[PDB]
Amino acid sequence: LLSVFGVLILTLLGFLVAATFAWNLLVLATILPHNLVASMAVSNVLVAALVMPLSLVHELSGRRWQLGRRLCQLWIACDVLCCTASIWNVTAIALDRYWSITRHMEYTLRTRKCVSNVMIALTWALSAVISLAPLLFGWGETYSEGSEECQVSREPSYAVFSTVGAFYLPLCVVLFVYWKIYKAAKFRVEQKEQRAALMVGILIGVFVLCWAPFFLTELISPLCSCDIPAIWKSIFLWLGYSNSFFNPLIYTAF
């Protein structure tokens, strides 16, 4: 029948949310550039713990948002904040590896520590200002009203602001550094640095591959795609969310 498969897959996704949480927590535990690792794992723990469960019940299964509408804003803010933070943590790690390969000379432990701490602080600052953006800049509301459903504000200005801030800018950074990183990963100017390059390159590839369907179909909707089935919208969303699970699997594989 119909909903039997649906229950089975919902149970699987709940298991996936829990495995995401646990694996990132394990990587966090073994730590305490390990501060960038810690920052990324923190953002992915927050995704799996705050973002994913609520999306799993509401957007993916179908139960309607009878929860307090004053917390709909908090769930949206957590989603935006944590996914932006995870994307930019991957790109900060990418910048660190590109500066290890190309800028080998001036990147001493002092300089590297300084730059990685600045990047972590900046990552979380930009995630905040992107998430809680229409509040200080105060040009609208963060949820889409007129809906008995909890959906992000699809107002054009915030949409451009958040997607360029969360996906397209970090995508441009990673597409700038990916050439040298891939070359290093293939030994094209010793085994440890090659292993490092390969891990980072795989992380970038899975990030791009995991988040590109959602953001790409989020840009083509406002251009005549007035009917993209929300089933595939949710599939693309959760494919983005699975990046939070693939990053641990990739890190613990090296």
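From 1 onward, residues are counted along the sequence shown.
Missing coordinates between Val189 and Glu190 amount to 10 or more residues of the deposited sequence. Unmodelled residues of the deposited sequence between neighbouring positions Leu223 and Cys224 number none; the chain is continuous. For the pair 60 to 68 and 207 to 215, the mean Cα B-factor is higher in 60 to 68. The stretch 132 to 140 shows the higher mean C-alpha B-factor when 156 to 164 is compared against 132 to 140 in the entry. Each of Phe176, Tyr98, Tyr107, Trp75 has a CA temperature factor in the record; the biggest one is found at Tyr107. In the PDB entry, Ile93 places in the lowest third of its chain by CA B-factor. When the modelled residues of the chain are ordered by C-alpha B-factor, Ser3 sits in the highest third. In the deposited entry, the Cα temperature factor of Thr30 sits in the top third of values across the chain's modelled residues. When the CA B factors of the chain's modelled residues are split into thirds, the value for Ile228 lands in the highest one. Ranked by C-alpha B-factor against the other modelled residues of its chain, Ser127 falls in the middle third.
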